[PDB]
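Read through the structure below, which is laid out as structure tokens, and then see the notes.
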Amino acid sequence: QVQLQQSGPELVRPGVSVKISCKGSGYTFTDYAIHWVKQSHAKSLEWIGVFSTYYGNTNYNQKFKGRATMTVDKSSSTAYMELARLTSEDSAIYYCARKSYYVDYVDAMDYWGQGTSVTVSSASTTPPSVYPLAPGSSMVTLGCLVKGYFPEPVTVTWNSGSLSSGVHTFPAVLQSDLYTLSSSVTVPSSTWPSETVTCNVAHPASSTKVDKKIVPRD
Amino acid sequence: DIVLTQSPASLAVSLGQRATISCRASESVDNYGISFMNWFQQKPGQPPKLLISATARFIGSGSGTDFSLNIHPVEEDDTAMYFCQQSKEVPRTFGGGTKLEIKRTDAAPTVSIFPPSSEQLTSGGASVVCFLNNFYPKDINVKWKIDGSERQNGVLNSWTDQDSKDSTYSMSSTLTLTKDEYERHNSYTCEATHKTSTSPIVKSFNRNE
């Protein structure tokens, strides 16, 4: 299967550069060019440029002012994009996508990488505090409050991923350089607290994992 | 650049019905009978996915500057942002996106309120959390009351996108106080106004219980 695998999320200080990778598999990498696309929010897709993996030729969107440099490692089927002199306006998800023709002569972007989230900030990496939300003594709803961390992302699971149905994990909110998010899980009332429910939180940027059981109030 | 303008910003369509989304280009994206126009679907948390290129539930139409995407019949998993994109000229450009919402029956929110954990109070903070889950339509307002008086400062809200399975929305509202202010009041109330009831849904707790 055609797959483009991108590098992980980056926290970078303003004024530095960041170099992100996109490794192709499941096809002959140098037979297809690579598009790069910026997504600064849900209603914005902006084309950065297209890179010929075979010839090394590039065509850039002038709006990036030459701050983007596209390169390749043909032996490892990997394309790179370096963006220099970063500001907060460069905080975005960056995608690579394969150029192909589904209709003859019409440039399309047909398989996409999973995206690389870049945060441009001077703020300090900070681990989350994880607070269990239990109700007092149908379905019961339990919660987990993940507060005061930076940067994104955190991953929240319930019972190590065994509880997947009935979960709502909400988008984080940024205030004063710290993120807060919450997650709820709804389970049959006959299953808690007679059985255990645990919030599992991982914050890769601070190399932190926290497990908090949701404990009935005493 | 060629500018692409989509209409509407969002639409709600019932299951099995037809959705039509417009894209207007600032100049022709046609030549030699070929329309250099693609459409993409982006579900939350996922990269865009190519749907249609040039011009069976997804069908592109149009010519010149005037294009549209038709989805028929609409299914629950079609809730997504839809983008048009032109390959007539460099730079490639995208429209601003159109959100497809699945119209379903009204659903009242399930409202749950939580006091601050003992762990948080020990470090001197106090967040009160209210979940308002699995409701439809998406329009909702949450009011926080402390001892009967509305509180505005310290409230932070977050919303989910529409659920790809049951077509509902959920919301989390967190009122954050200091432990000092929190322990000076007794009654904390999350109050939700939603189309589904004439009277607002009230969940509360008393700190001293």
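Chain labels follow the order of the structure tokens: the first chain is A, the next B, and so on; residue numbering restarts at 1 in every chain, and ligands are counted from 1 in their shown order.
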
Using only C-alpha atoms, which residues of chain A come within 9 Å of chain B, and what is the closest atom pair for each, with the distance in Å to one decimal? Give it as CSV, sorted by chain and residue number.
```
residue,atom,partner,partner_atom,distance
A:42,CA,B:81,CA,8.0
A:43,CA,B:96,CA,5.3
A:44,CA,B:96,CA,5.9
A:45,CA,B:94,CA,6.1
A:46,CA,B:93,CA,6.6
A:47,CA,B:92,CA,5.9
A:48,CA,B:91,CA,8.2
A:49,CA,B:91,CA,7.5
A:59,CA,B:90,CA,8.1
A:60,CA,B:91,CA,7.4
A:61,CA,B:91,CA,5.4
A:62,CA,B:91,CA,8.0
A:95,CA,B:47,CA,7.6
A:101,CA,B:53,CA,8.5
A:102,CA,B:53,CA,6.6
A:103,CA,B:53,CA,6.3
A:105,CA,B:36,CA,8.4
A:106,CA,B:36,CA,5.6
A:107,CA,B:87,CA,5.7
A:108,CA,B:38,CA,7.0
A:109,CA,B:50,CA,6.8
A:110,CA,B:50,CA,5.6
A:111,CA,B:49,CA,7.2
A:112,CA,B:47,CA,6.4
A:113,CA,B:47,CA,7.1
A:114,CA,B:47,CA,5.9
A:115,CA,B:47,CA,6.8
A:129,CA,B:120,CA,8.3
A:130,CA,B:120,CA,8.7
A:131,CA,B:117,CA,6.2
A:132,CA,B:117,CA,6.4
A:133,CA,B:114,CA,6.1
A:134,CA,B:114,CA,6.9
A:135,CA,B:114,CA,6.5
A:136,CA,B:114,CA,9.0
A:141,CA,B:112,CA,7.0
A:142,CA,B:112,CA,8.6
A:143,CA,B:114,CA,8.1
A:145,CA,B:129,CA,8.2
A:168,CA,B:170,CA,7.5
A:169,CA,B:160,CA,7.9
A:170,CA,B:160,CA,5.9
A:171,CA,B:158,CA,6.0
A:172,CA,B:158,CA,7.2
A:173,CA,B:158,CA,7.0
A:181,CA,B:158,CA,8.2
A:182,CA,B:172,CA,7.3
A:183,CA,B:172,CA,8.5
A:184,CA,B:131,CA,7.4
```

Write out as a PDB file with C-alpha atoms, in the first residue's frame the residues lying within 9 Å of residue 74 of chain A, counting only C-alpha atoms and excluding same-chain residues fewer than 3 positions away.
```
ATOM      1  CA  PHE A  29       9.625   6.971  -4.698  1.00  0.00           C
ATOM      2  CA  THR A  30      11.510   8.667  -7.528  1.00  0.00           C
ATOM      3  CA  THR A  53      12.239  13.441  -6.434  1.00  0.00           C
ATOM      4  CA  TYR A  54      13.862  12.337  -9.696  1.00  0.00           C
ATOM      5  CA  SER A  77      13.030   7.264  -0.322  1.00  0.00           C
ATOM      6  CA  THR A  78      12.781  10.337   1.905  1.00  0.00           C
ATOM      7  CA  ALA A  79      11.902  13.918   1.039  1.00  0.00           C
TER       8      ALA A  79
END
```

Report the residues of chain A whose backbone DSSP state falls under strand (DSSP E or B), written as a ChimeraX atom specification.
/A:3-6,10-12,18-25,34-41,44-51,58-60,68-73,78-83,92-100,108-112,116-120,126,129-133,139-150,155-158,163,167-169,173-175,178-188,198-203,208-213

For a quick check of understanding, using only C-alpha atoms, which of A:28, A:164, A:138, A:17 has the smallest distance to residue 76 of chain A?
A:28

What are the closest atom pairs, with distances in Å to one decimal, for each residue of segment 114-175 of chain A lying within 10 Å of segment 196-209 of chain A, using only C-alpha atoms, rows by chain and rising residue number, as CSV?
```
residue,atom,partner,partner_atom,distance
A:125,CA,A:206,CA,6.5
A:126,CA,A:206,CA,6.5
A:127,CA,A:206,CA,5.5
A:128,CA,A:203,CA,7.3
A:129,CA,A:201,CA,9.5
A:130,CA,A:201,CA,7.5
A:131,CA,A:199,CA,9.0
A:132,CA,A:199,CA,7.4
A:133,CA,A:199,CA,9.7
A:142,CA,A:197,CA,8.5
A:143,CA,A:199,CA,8.1
A:144,CA,A:199,CA,6.4
A:145,CA,A:199,CA,9.4
A:146,CA,A:201,CA,7.9
A:149,CA,A:203,CA,8.2
A:150,CA,A:205,CA,7.9
A:151,CA,A:205,CA,6.9
A:152,CA,A:205,CA,7.9
A:153,CA,A:203,CA,6.6
A:154,CA,A:203,CA,4.7
A:155,CA,A:202,CA,5.2
A:156,CA,A:201,CA,4.7
A:157,CA,A:200,CA,5.1
A:158,CA,A:199,CA,4.9
A:159,CA,A:198,CA,5.1
A:160,CA,A:200,CA,6.3
A:161,CA,A:200,CA,8.6
A:163,CA,A:197,CA,8.7
```

So which residues of segment 3-206 of chain B fall under helix (DSSP H, G or I) by DSSP, listed as a list in words?
residues 76, 77, 78, 118, 119, 120, 121, 122, 179, 180, 181 and 182 of chain B

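When atom CA of residue 12 of chain A is paired with atom CA of residue 85 of chain A, their separation reads 10.5 Å.
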